[PDB]
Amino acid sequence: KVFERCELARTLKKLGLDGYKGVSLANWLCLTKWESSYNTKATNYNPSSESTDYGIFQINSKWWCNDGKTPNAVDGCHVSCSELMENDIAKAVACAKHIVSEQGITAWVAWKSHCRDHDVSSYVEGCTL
């Protein structure tokens, strides 16, 4: 599923991400924009660790989900990487909560590069929340 921005905003808020461990909704919307363009089926190969980033949060297979093919890997979220690409982002959100709790918001390099020290208020512009 590719989300519209405000549709995603509403979904992330319903799933308890607004302010979760100090990360505002608009920050999550900026992160997911730059990571995946709001596409739940986004994938990107990471040759540095021969791994793949999956779904709207671009969660990596070396650490956080099982995909079988990744060498020297663990499954921190106890989930198949496929489940992090479901149209229903519930499992993806649960795993993001785990990641941010364990490693902090800086776990997402895309957030550091595009969102940190930027005004991200525009991500909720025109959304009913």
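Residue numbers run from 1 along the displayed sequence.
**Student:** Can you tell me whether 19-27 has a higher mean C-alpha B factor than 113-121 in this record, or the other way round?
**Tutor:** The recorded data point to 113-121.
**Student:** Between 87-95 and 57-65, point out the one with the higher average CA B-factor as the PDB entry records it.
**Tutor:** Going by the record's values, the stretch with the higher mean is 87-95.
**Student:** Of the choices 80, 36, 72, 52, which one's C-alpha carries the largest B-factor in the record?
**Tutor:** Out of 80, 36, 72, 52, the record gives the largest C-alpha B-factor to 72.
**Student:** How does residue 76 rank on Cα B-factor within its chain, lowest, middle or highest third?
**Tutor:** Lowest third, going by the recorded CA B-factors of the chain.
**Student:** Within this chain's modelled residues, let me know which third the CA B factor of residue 44 belongs to: lowest, middle or highest.
**Tutor:** Answer is highest: the recorded C-alpha B-factor places it there.
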